[PDB]
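Visitor: Supplied in structure tokens, the structure appears directly below.
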Amino acid sequence: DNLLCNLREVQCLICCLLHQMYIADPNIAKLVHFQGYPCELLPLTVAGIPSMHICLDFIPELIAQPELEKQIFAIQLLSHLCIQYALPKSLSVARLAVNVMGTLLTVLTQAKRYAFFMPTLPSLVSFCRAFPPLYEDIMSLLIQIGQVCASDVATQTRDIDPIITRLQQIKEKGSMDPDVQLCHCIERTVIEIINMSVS
Amino acid sequence: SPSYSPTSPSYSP
Amino acid sequence: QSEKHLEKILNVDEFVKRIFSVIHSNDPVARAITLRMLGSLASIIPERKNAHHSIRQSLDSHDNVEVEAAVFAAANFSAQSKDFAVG
Amino acid sequence: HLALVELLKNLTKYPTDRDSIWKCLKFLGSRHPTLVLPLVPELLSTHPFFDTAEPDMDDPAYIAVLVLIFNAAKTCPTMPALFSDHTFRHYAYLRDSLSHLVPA
Amino acid sequence: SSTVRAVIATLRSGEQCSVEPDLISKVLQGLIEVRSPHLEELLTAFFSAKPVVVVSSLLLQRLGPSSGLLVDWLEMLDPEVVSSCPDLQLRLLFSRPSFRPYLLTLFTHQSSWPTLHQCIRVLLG
């Protein structure tokens with residue numbers, strides 16, 4: 001049941017070993033996070049390994065990597081690190097990541113925009129949760145991404161046409177178009193941001 | 001340092 | 001191995017402070033080793049309240065080596081201090 | 001707040017009087033509880049969102065602040081949730097060490 | 001004393017026989033009530049060659065000073081805490097005993113996760 005299972009104890013033992021190994025060599029932690037691991041492990045690694053706060057040192061270096069997967073993983077890792085550690089330098093790296101996403105909005109093509117912004121959009125909810133000063137930057141970025149992604153929805157004919165559904169209520173929490181999926185992801189992320197900030 | 005939390009008390013020599 | 005010679009150092013405060021600084025380490029092994037240091041030094045720092053608080057806090061930790069070291073430190077400090085023993 | 005600032009700079013200028021100054025702050029917190037309550041985020045350096053560094057224990061200015069705060073929190077249970085985690089740990093430490101000053 | 005010495009010799013030499021667990025429970029209860037010094041030997045010889053039911057029924061029933069030996073056996077002959085005849089073990093653990101917190105401390109840390117989950121399901125629902 002994700003808490004009273006053998007998998008939880010195995011995860012704790014592995015997290016303890018990784019904590020010891022990262023203390024013994026932080027360069028191993030830097031190399032592993034440059035290689036990357038599945039993002040399902042990210043909350044487990046951030047919560048269970050206390051020496052994960054040193055990842056904020058090379059997240060500015062990791063987010064500058066040419067490969068898109070490295071930048072996606074850097075943003076997703078900083079997402080959990082800002083929740084775990086709300087540092088002033090964590091805020092600086094969060095501002096850097098917001099600027100990187102704003103720049104990659106205007107650098108990447110439409111397929112690359114989908115493949116980059118679908119995983120990294122839930123990171124903005126955690127960025128807003130850790131740093132309430134980031135509300136203006138996150139909301140301006142979300143307006144920009146949504147207005148960019150509505151335009152190529154209008155470019156091609158669509159099977160569901162989300163422009164008409166601009167007046168929709170709060171919905172409950174497969175072969176759809178990538179642009180419409182990205183529009184729904186933007187709407188979902190602003191829904192979670194507003195729900196988090198209201199609570 | 002990886003061995004200390006960022007919120008841990010600092011050591012002043 | 002040098003328990004009889006550590007009663008003649010007389011710069012107790014800064015020595016114990018620079019050992020005690022790595023009770024705040026996130027490593028449970030380092031915390032356990034420091035608890036064993038405090039229990040080893042309990043002859044020359046009785047009624048040292050931050051050591052008592054560290055033993056009390058580490059007795060409730062989730063790491064087995066840290067709890068065992070806290071038990072060892074509590075056994076040493078209870079022998080050398082009655083104010084530690086009563087709580 | 002002015003009384004606390006003057007007591008703290010007296011503590012800096014004369015560290016021998018720390019027990020008397022702690023008694024002063026115990027009596028000030030215990031008898032002026034509602035007035036200390038809005039002052040708490042100004043005394044404990046509690047950022048609204050940043051995770052604050054744990055203050056150095058056994059630093060006589062910081063115990064003096066905590067003795068004032070905890071004695072104010074004894075008679076007013078309205079806002080004891082303004083404490084952070086390390087302030088609760090320090091509350092346990094002062095209850096173990098300075099139990100004649102800090103109350104339950 | 002003579003009969004328990006004879007039974008100890010018989011179990012040491014010979015193999016098992018018609019057990020009749022009610023008779024074994026009655027004999028162990030009688031030896032507990034008379035406080036025989038050969039009780040540990042008799043339990044060792046009986047359980048060397050369903051003992052879970054016997055020990056659980058003995059503990060569920062005064063035991064006095066002999067309860068610790070039965071608790072040690074229940075810990076040792078039953079490999080888990082609630083694995084065989086679970087109704088008696090739930091009656092031992094949760095019911096309306098002085099040795100109960102020790103059995104709870106065992107069951108929290110000795111039993112497996114499916115057993116703990118089944119226990120909380122039957123305890124709540």
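Chain labels A, B, ... are given in the sequence in which chains occur in the structure tokens; within each chain residues are numbered consecutively from 1, and ligands are likewise numbered from 1 in the order shown.
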Set the distance at 10 Å and use only C-alpha atoms: which residues neighbour residue 11 (chain A) once local chain neighbours fewer than 6 positions away are removed? I'd like the list as a PyMOL selection string.
Guide: chain A and resi 17+41+44-45+48
Visitor: Can I get the selected residues back with N, CA, C and O atoms, as an mmCIF file, in the first residue's frame?
Guide:
data_model
loop_
_atom_site.group_PDB
_atom_site.id
_atom_site.type_symbol
_atom_site.label_atom_id
_atom_site.label_comp_id
_atom_site.auth_asym_id
_atom_site.auth_seq_id
_atom_site.Cartn_x
_atom_site.Cartn_y
_atom_site.Cartn_z
ATOM 1 N N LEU A 17 21.843 3.666 1.114
ATOM 2 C CA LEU A 17 23.100 3.382 0.424
ATOM 3 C C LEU A 17 23.484 4.514 -0.524
ATOM 4 O O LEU A 17 24.658 4.891 -0.609
ATOM 5 N N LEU A 41 10.952 8.221 -9.735
ATOM 6 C CA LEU A 41 11.868 8.093 -8.614
ATOM 7 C C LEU A 41 12.225 9.427 -7.979
ATOM 8 O O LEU A 41 12.832 9.432 -6.905
ATOM 9 N N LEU A 44 10.878 10.146 -4.415
ATOM 10 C CA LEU A 44 11.524 9.195 -3.519
ATOM 11 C C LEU A 44 12.979 9.565 -3.266
ATOM 12 O O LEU A 44 13.439 9.535 -2.120
ATOM 13 N N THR A 45 13.714 9.933 -4.318
ATOM 14 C CA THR A 45 15.121 10.276 -4.146
ATOM 15 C C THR A 45 15.291 11.589 -3.395
ATOM 16 O O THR A 45 16.218 11.731 -2.592
ATOM 17 N N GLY A 48 14.027 10.809 0.394
ATOM 18 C CA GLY A 48 14.749 9.779 1.116
ATOM 19 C C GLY A 48 16.251 9.942 1.206
ATOM 20 O O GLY A 48 16.883 9.350 2.085
#
Visitor: Going by DSSP on the backbone, which residues of region 13-45 of chain D come out as alpha helix (DSSP H)? List them as a PyMOL selection string.
Guide: chain D and resi 13+18-31+33-36+40-43
Visitor: Keeping only N, CA, C and O atoms, write the selected residues to a file as a short mmCIF file (atom, residue, chain, number, x, y, z; two decimals), in the first residue's frame.
Guide:
data_model
loop_
_atom_site.label_atom_id
_atom_site.label_comp_id
_atom_site.auth_asym_id
_atom_site.auth_seq_id
_atom_site.Cartn_x
_atom_site.Cartn_y
_atom_site.Cartn_z
N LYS D 13 26.65 43.80 26.11
CA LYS D 13 27.61 44.61 26.84
C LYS D 13 28.01 43.97 28.17
O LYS D 13 29.15 44.16 28.62
N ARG D 18 23.19 37.25 32.38
CA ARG D 18 22.29 36.53 31.48
C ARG D 18 21.14 35.86 32.23
O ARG D 18 20.03 35.80 31.71
N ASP D 19 21.39 35.36 33.44
CA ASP D 19 20.32 34.73 34.21
C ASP D 19 19.27 35.76 34.62
O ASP D 19 18.07 35.49 34.52
N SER D 20 19.71 36.94 35.06
CA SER D 20 18.77 37.99 35.42
C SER D 20 18.00 38.49 34.21
O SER D 20 16.80 38.76 34.30
N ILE D 21 18.66 38.60 33.06
CA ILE D 21 17.98 39.05 31.84
C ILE D 21 16.97 38.00 31.38
O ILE D 21 15.87 38.34 30.92
N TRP D 22 17.30 36.72 31.52
CA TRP D 22 16.35 35.66 31.20
C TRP D 22 15.16 35.69 32.15
O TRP D 22 14.02 35.44 31.73
N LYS D 23 15.39 36.00 33.43
CA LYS D 23 14.28 36.17 34.37
C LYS D 23 13.40 37.35 33.96
O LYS D 23 12.17 37.28 34.05
N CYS D 24 14.03 38.44 33.51
CA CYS D 24 13.29 39.61 33.03
C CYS D 24 12.39 39.24 31.86
O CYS D 24 11.23 39.63 31.80
N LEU D 25 12.94 38.49 30.91
CA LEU D 25 12.16 38.16 29.72
C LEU D 25 11.10 37.12 30.02
O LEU D 25 10.03 37.14 29.40
N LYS D 26 11.34 36.24 30.99
CA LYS D 26 10.30 35.33 31.46
C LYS D 26 9.14 36.11 32.06
O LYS D 26 7.97 35.85 31.75
N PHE D 27 9.44 37.09 32.91
CA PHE D 27 8.37 37.87 33.54
C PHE D 27 7.68 38.80 32.54
O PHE D 27 6.50 39.10 32.71
N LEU D 28 8.40 39.26 31.52
CA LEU D 28 7.78 40.11 30.51
C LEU D 28 6.87 39.30 29.60
O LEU D 28 5.78 39.77 29.24
N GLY D 29 7.29 38.10 29.21
CA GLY D 29 6.42 37.25 28.41
C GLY D 29 5.22 36.75 29.18
O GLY D 29 4.11 36.68 28.65
N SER D 30 5.41 36.41 30.46
CA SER D 30 4.34 35.80 31.23
C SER D 30 3.24 36.80 31.58
O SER D 30 2.10 36.40 31.82
N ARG D 31 3.56 38.09 31.62
CA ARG D 31 2.60 39.10 32.04
C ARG D 31 2.17 40.05 30.94
O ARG D 31 1.28 40.88 31.17
N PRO D 33 1.24 38.87 27.47
CA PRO D 33 1.21 37.80 26.47
C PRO D 33 0.71 38.24 25.11
O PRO D 33 1.26 37.85 24.07
N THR D 34 -0.35 39.05 25.09
CA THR D 34 -0.97 39.44 23.83
C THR D 34 -0.11 40.42 23.05
O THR D 34 -0.20 40.49 21.82
N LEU D 35 0.72 41.20 23.75
CA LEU D 35 1.54 42.21 23.09
C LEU D 35 2.75 41.60 22.39
O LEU D 35 3.17 42.09 21.34
N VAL D 36 3.33 40.54 22.96
CA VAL D 36 4.43 39.82 22.32
C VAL D 36 3.98 39.08 21.08
O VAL D 36 4.77 38.91 20.14
N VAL D 40 6.27 38.20 17.26
CA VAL D 40 6.99 36.93 17.10
C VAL D 40 7.67 36.77 15.74
O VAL D 40 8.84 36.36 15.71
N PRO D 41 7.03 37.06 14.59
CA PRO D 41 7.78 36.97 13.32
C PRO D 41 8.91 37.97 13.19
O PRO D 41 9.81 37.77 12.36
N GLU D 42 8.91 39.05 13.97
CA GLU D 42 10.03 39.98 13.97
C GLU D 42 11.18 39.51 14.84
O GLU D 42 12.33 39.90 14.60
N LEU D 43 10.91 38.68 15.85
CA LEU D 43 11.96 38.22 16.76
C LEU D 43 12.62 36.95 16.22
O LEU D 43 13.83 36.94 15.96
#
Visitor: Tell me, counting only C-alpha atoms, for each residue of region 32-138 of chain A within 10 Å of region 26-46 of chain C, which pair of atoms is nearest and how far apart they are in Å to one decimal, in rows ordered by chain and increasing number, as a Markdown table.
Guide:
| residue | atom | partner | partner_atom | distance |
| --- | --- | --- | --- | --- |
| A:49 | CA | C:26 | CA | 9.3 |
| A:50 | CA | C:26 | CA | 6.3 |
| A:51 | CA | C:26 | CA | 7.5 |
Visitor: Give the residues of chain B that lie within 8 Å of chain C; count only C-alpha atoms, and format the answer as a list in words.
Guide: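 Therefore, the residues near the partner are residues 3, 4, 5, 8, 9 and 11 of chain B.
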Visitor: Selected residues, N, CA, C and O atoms, written as a PDB file, in the first residue's frame, please.
Guide:
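This is the output file again.pdb:
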ATOM      1  N   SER B   3      27.130  16.537   3.579  1.00  0.00           N
ATOM      2  CA  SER B   3      26.887  15.876   4.851  1.00  0.00           C
ATOM      3  C   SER B   3      26.009  16.683   5.793  1.00  0.00           C
ATOM      4  O   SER B   3      25.624  16.165   6.844  1.00  0.00           O
ATOM      5  N   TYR B   4      25.679  17.925   5.454  1.00  0.00           N
ATOM      6  CA  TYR B   4      24.906  18.787   6.335  1.00  0.00           C
ATOM      7  C   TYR B   4      23.702  19.335   5.589  1.00  0.00           C
ATOM      8  O   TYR B   4      23.796  19.660   4.404  1.00  0.00           O
ATOM      9  N   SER B   5      22.579  19.448   6.293  1.00  0.00           N
ATOM     10  CA  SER B   5      21.401  20.069   5.715  1.00  0.00           C
ATOM     11  C   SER B   5      21.652  21.560   5.492  1.00  0.00           C
ATOM     12  O   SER B   5      22.446  22.175   6.207  1.00  0.00           O
ATOM     13  N   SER B   8      20.728  23.340   8.558  1.00  0.00           N
ATOM     14  CA  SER B   8      21.460  22.959   9.754  1.00  0.00           C
ATOM     15  C   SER B   8      22.218  24.164  10.311  1.00  0.00           C
ATOM     16  O   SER B   8      22.560  25.085   9.564  1.00  0.00           O
ATOM     17  N   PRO B   9      22.460  24.199  11.624  1.00  0.00           N
ATOM     18  CA  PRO B   9      23.207  25.325  12.202  1.00  0.00           C
ATOM     19  C   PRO B   9      24.635  25.383  11.686  1.00  0.00           C
ATOM     20  O   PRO B   9      25.311  24.362  11.550  1.00  0.00           O
ATOM     21  N   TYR B  11      28.674  26.264  11.578  1.00  0.00           N
ATOM     22  CA  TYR B  11      29.801  26.149  12.490  1.00  0.00           C
ATOM     23  C   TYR B  11      30.668  27.395  12.372  1.00  0.00           C
ATOM     24  O   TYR B  11      31.190  27.693  11.292  1.00  0.00           O
TER      25      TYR B  11
END
Visitor: Within 7 Å of chain A, which residues belong to chain D? Use only C-alpha atoms and report them as a VMD selection string.
Guide: chain D and resid 49 to 51
Visitor: Just the residues within 6 Å of region 80-83 of chain E, please, counting only C-alpha atoms, with nothing from its chain fewer than 3 positions along; format it as a PyMOL selection string.
Guide: chain E and resi 86+89+107+111
Visitor: Would you kindly return, as number ranges by chain, each protein, DNA or RNA residue with an atom no farther than 9 Å from any atom of region 95-99 of chain D, considering only C-alpha atoms and excluding same-chain residues fewer than 3 positions away?
Guide: C: 49-50, 52-53, 87; D: 90-92, 102-104
Visitor: Using only C-alpha atoms, find the residues of chain D whose closest atom to chain B is at most 12 Å away, then write them as a PyMOL selection string.
Guide: chain D and resi 50-59+84-86
Visitor: Kindly save the residues from that selection, with N, CA, C and O atoms included, as a PDB file, in the first residue's frame.
Guide:
ATOM      1  N   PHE D  50      10.689  31.074   2.861  1.00  0.00           N
ATOM      2  CA  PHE D  50      12.012  30.465   2.885  1.00  0.00           C
ATOM      3  C   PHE D  50      12.173  29.574   4.108  1.00  0.00           C
ATOM      4  O   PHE D  50      11.698  29.896   5.200  1.00  0.00           O
ATOM      5  N   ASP D  51      12.846  28.444   3.918  1.00  0.00           N
ATOM      6  CA  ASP D  51      13.222  27.591   5.036  1.00  0.00           C
ATOM      7  C   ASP D  51      14.411  28.222   5.743  1.00  0.00           C
ATOM      8  O   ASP D  51      15.515  28.275   5.191  1.00  0.00           O
ATOM      9  N   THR D  52      14.185  28.707   6.956  1.00  0.00           N
ATOM     10  CA  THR D  52      15.191  29.464   7.679  1.00  0.00           C
ATOM     11  C   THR D  52      16.209  28.532   8.318  1.00  0.00           C
ATOM     12  O   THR D  52      15.885  27.415   8.730  1.00  0.00           O
ATOM     13  N   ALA D  53      17.452  29.001   8.382  1.00  0.00           N
ATOM     14  CA  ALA D  53      18.511  28.240   9.025  1.00  0.00           C
ATOM     15  C   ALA D  53      18.243  28.120  10.518  1.00  0.00           C
ATOM     16  O   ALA D  53      17.702  29.036  11.142  1.00  0.00           O
ATOM     17  N   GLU D  54      18.605  26.978  11.082  1.00  0.00           N
ATOM     18  CA  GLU D  54      18.399  26.748  12.505  1.00  0.00           C
ATOM     19  C   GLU D  54      19.328  27.650  13.303  1.00  0.00           C
ATOM     20  O   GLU D  54      20.544  27.626  13.074  1.00  0.00           O
ATOM     21  N   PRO D  55      18.810  28.472  14.211  1.00  0.00           N
ATOM     22  CA  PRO D  55      19.679  29.363  14.983  1.00  0.00           C
ATOM     23  C   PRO D  55      20.573  28.584  15.930  1.00  0.00           C
ATOM     24  O   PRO D  55      20.245  27.480  16.369  1.00  0.00           O
ATOM     25  N   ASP D  56      21.725  29.174  16.228  1.00  0.00           N
ATOM     26  CA  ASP D  56      22.702  28.527  17.090  1.00  0.00           C
ATOM     27  C   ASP D  56      22.180  28.466  18.517  1.00  0.00           C
ATOM     28  O   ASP D  56      21.956  29.503  19.150  1.00  0.00           O
ATOM     29  N   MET D  57      21.974  27.251  19.020  1.00  0.00           N
ATOM     30  CA  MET D  57      21.635  27.084  20.421  1.00  0.00           C
ATOM     31  C   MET D  57      22.851  27.407  21.287  1.00  0.00           C
ATOM     32  O   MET D  57      23.985  27.500  20.804  1.00  0.00           O
ATOM     33  N   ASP D  58      22.588  27.606  22.581  1.00  0.00           N
ATOM     34  CA  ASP D  58      23.558  28.068  23.577  1.00  0.00           C
ATOM     35  C   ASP D  58      24.143  29.434  23.224  1.00  0.00           C
ATOM     36  O   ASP D  58      25.251  29.769  23.655  1.00  0.00           O
ATOM     37  N   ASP D  59      23.413  30.230  22.447  1.00  0.00           N
ATOM     38  CA  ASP D  59      23.774  31.613  22.161  1.00  0.00           C
ATOM     39  C   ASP D  59      22.863  32.518  22.972  1.00  0.00           C
ATOM     40  O   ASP D  59      21.671  32.630  22.646  1.00  0.00           O
ATOM     41  N   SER D  84       8.475  27.229  14.086  1.00  0.00           N
ATOM     42  CA  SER D  84       8.984  26.297  13.094  1.00  0.00           C
ATOM     43  C   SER D  84       9.341  24.977  13.775  1.00  0.00           C
ATOM     44  O   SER D  84       9.103  24.779  14.970  1.00  0.00           O
ATOM     45  N   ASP D  85       9.923  24.054  13.008  1.00  0.00           N
ATOM     46  CA  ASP D  85      10.314  22.767  13.576  1.00  0.00           C
ATOM     47  C   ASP D  85      11.503  22.912  14.518  1.00  0.00           C
ATOM     48  O   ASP D  85      11.512  22.336  15.617  1.00  0.00           O
ATOM     49  N   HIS D  86      12.514  23.688  14.111  1.00  0.00           N
ATOM     50  CA  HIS D  86      13.691  23.845  14.954  1.00  0.00           C
ATOM     51  C   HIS D  86      13.382  24.663  16.198  1.00  0.00           C
ATOM     52  O   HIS D  86      14.042  24.489  17.224  1.00  0.00           O
TER      53      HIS D  86
END
Visitor: For a quick test of understanding: name the residues of chain E lying within 9 Å of chain A when counting only C-alpha atoms, and present them as a list in words.
Guide: residues 113, 114, 116 and 117 of chain E
